[PDB]
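Down below is the structure, laid out as structure tokens.
Excluded from the calculations below are hydrogen atoms, water molecules and symmetry mates; all remaining heavy atoms, backbone and side chain alike, are included. In what follows, every chain begins at residue 1, and chains take the letters A, B, ... in the order their sequences are listed.
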Amino acid sequence: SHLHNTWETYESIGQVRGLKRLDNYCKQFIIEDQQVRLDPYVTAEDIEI
DNA sequence: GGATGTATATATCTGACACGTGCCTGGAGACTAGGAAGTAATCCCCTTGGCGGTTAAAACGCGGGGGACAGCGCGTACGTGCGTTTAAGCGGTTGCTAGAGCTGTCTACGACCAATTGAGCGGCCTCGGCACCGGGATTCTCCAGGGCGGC
């Protein structure tokens with residue numbers, strides 16, 4: 001019901017359904033997050049949008 | 001004592017039957033010409049059952065090795081499942097144009113018919129080339145004379 005959302009960890013989950021949803025989330029969100037944070041070719045407009 | 005399950009009755013929806021109308025296409029009746037059925041003659045091909053001789057193909061047997069098939073391992077590539085994206089499917093706008101259908105007019109083009117004649121089919125004579133026969137030129141095998149040796 002979107003109210004029992006819990007702050008979990010990889011070792012706190014074990015093996016449940018939809019683990020690869022979290023894998024895609026963590027993986028590619030952290031890849032472009034660290035990519036745009038470590039790129040020197042980043043303008044102010046892109047980071048603010 | 002209250003509400004629920006179930007039966008019969010009434011209004012509405014929907015496919016099907018019959019009525020109506022046009023129209024145009026099929027049917028009835030009559031006439032005519034020619035397509036095809038029938039006839040006779042001639043000639044060549046096919047049928048059935050044989051014979052004779054050649055000969056190359058078919059059949060049979062046998063050895064052997066090449067290839068088909070089975071089994072096993074392996075690794076890769078395709079199936080399967082899930083999450084995400086994306087584009088198909090539907091409904092919609094807005095004008096213009098292509099095309100089917102219908103009507104109308106007309107003109108060039110093709111059917112049709114008669115006379116003609118020239119291109120297609122058959123045979124005949126001739127030439128180009130290949131082949132058969134007679135005559136001249138060139139080269140190969142052979143018989144005889146001269147010289148030498150032996151008793």
Side-chain angles (χ1 to χ4, degrees), chain A residues 1-44 47-49:
Chain A
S1 67
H2 294 284
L3 283 178
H4 320 128
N5 302 6
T6 54
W7 287 100
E8 302 267 9
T9 307
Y10 263 93
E11 66 263 13
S12 80
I13 288 304
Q15 193 265 330
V16 306
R17 283 176 286 274
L19 259 303
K20 63 183 180 294
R21 304 167 179 251
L22 190 153
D23 291 331
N24 292 117
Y25 180 95
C26 175
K27 177 181 71 173
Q28 62 85 29
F29 279 164
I30 286 174
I31 297 299
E32 67 262 10
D33 274 341
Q34 80 207 13
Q35 195 263 332
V36 70
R37 282 308 152 87
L38 286 185
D39 200 5
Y41 279 54
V42 169
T43 182
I47 195 74
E48 65 90 18
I49 63 170

Legend entry - Dot-bracket encoding per residue of DNA chain B, Watson-Crick/G-U cut-off under 3.5 Å, | denoting interstrand: .......................................................................................................................................................

Inset, instruction - Assign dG147(B) to north (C3'-endo side) or south (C2'-endo side) according to its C1'-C2'-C3'-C4' torsion. - result: south

Legend entry - Protein-nucleotide distance (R17(A), atom CZ; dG83(B), atom P), rounded to Å: 11 Å

Legend entry - Side-chain cluster (under 4.5 Å, hydrophobic types only) that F29(A) belongs to, other residues: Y25(A)

Inset, instruction - Return the value, rounded to whole Å, for the distance between atom OH of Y25(A) and atom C1' of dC82(B). - result: 20 Å

Inset, instruction - Using the P atom as the reference point in each nucleotide, state the distance between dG35(B) and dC113(B) in Å, no decimals. - result: 12 Å

Legend entry - Same-atom distance (P) from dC102(B) to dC24(B), integer angstrom: 10 Å

Inset, instruction - Would you mind reading off the distance between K27(A) atom NZ and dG83(B) atom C1', rounded to a whole angstrom? - result: 11 Å

Legend entry - Spacing of the P atoms in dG34(B) and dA114(B) (rounded, Å): 11 Å

Legend entry - Test side chain to side chain contact (heavy atoms under 4.5 Å, CB included) applied to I30(A) - qualifying residues, sequence neighbours left out: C26(A), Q34(A)

Inset, instruction - Send over the distance from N24(A) CG to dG81(B) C1', rounded to a whole Å. - result: 14 Å

Legend entry - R21(A) CZ to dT84(B) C1', straight-line distance once rounded to whole Å: 10 Å

Legend entry - Residues that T6(A) engages under side-chain hydrogen bond (donor to acceptor under 3.5 Å, both in side chains), provided they are two or more places apart: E8(A)

Inset, instruction - Grab the two heavy atoms, one from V36(A) and one from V42(A), that are nearest each other, plus how far apart they are. - result: O-CG2, 3.4 Å

